[PDB]
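Q:
In the deposited numbering, the protein residues as written are 1 to 56.
1. Mapping DSSP to helix, strand and coil, what is residue 66?
2. Locate the beta strand (DSSP E) running through residue 15, then write down its first and last residues.
3. Per DSSP, what kind of secondary structure is residue 36 in: helix, strand or coil?
4. Residue range of the beta strand (DSSP E) that residue 46 falls in?
5. Find the nearest neighbour of residue 19 within the set 52, 13, 29 and 10, judged by alpha-carbon distance.
Quick look at the structure:
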């Protein structure tokens, strides 16, 4: 499955996608991604479109 991540960091904002079987694997790719991008915000998840959002 293709999951999307919307980052709304104080400086780091944007979107990306990953191929994962489960929204565990996706949450924990996105939550390394947002680790590397230094983003620490509130994580929301739109399960309909399989999109996470990090509201920093």
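Where a beta carbon is used, it is the ideal one built from N, C-alpha and C, also for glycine.
A: Let's see:
1. Since the displayed the chain opens at 1 and closes at 56, residue 66 lies outside it and no answer follows.
2. Residue 15 sits at position 15 when you count from the first residue of the chain shown. Looking at the DSSP string, the run of the beta strand (DSSP E) that includes residue 15 is 13-19.
3. Your numbering for residue 36 matches position 36 in the chain shown. Helix.
4. On the chain shown, residue 46 is found 46 positions in, with the first residue counted as 1. Per DSSP, residue 46 belongs to the beta strand (DSSP E) from 42-46.
5. Taking the first residue of the chain shown as 1, we reach residue 19 at position 19. Looking at the Cα atoms, 29 is the closest of the given residues.
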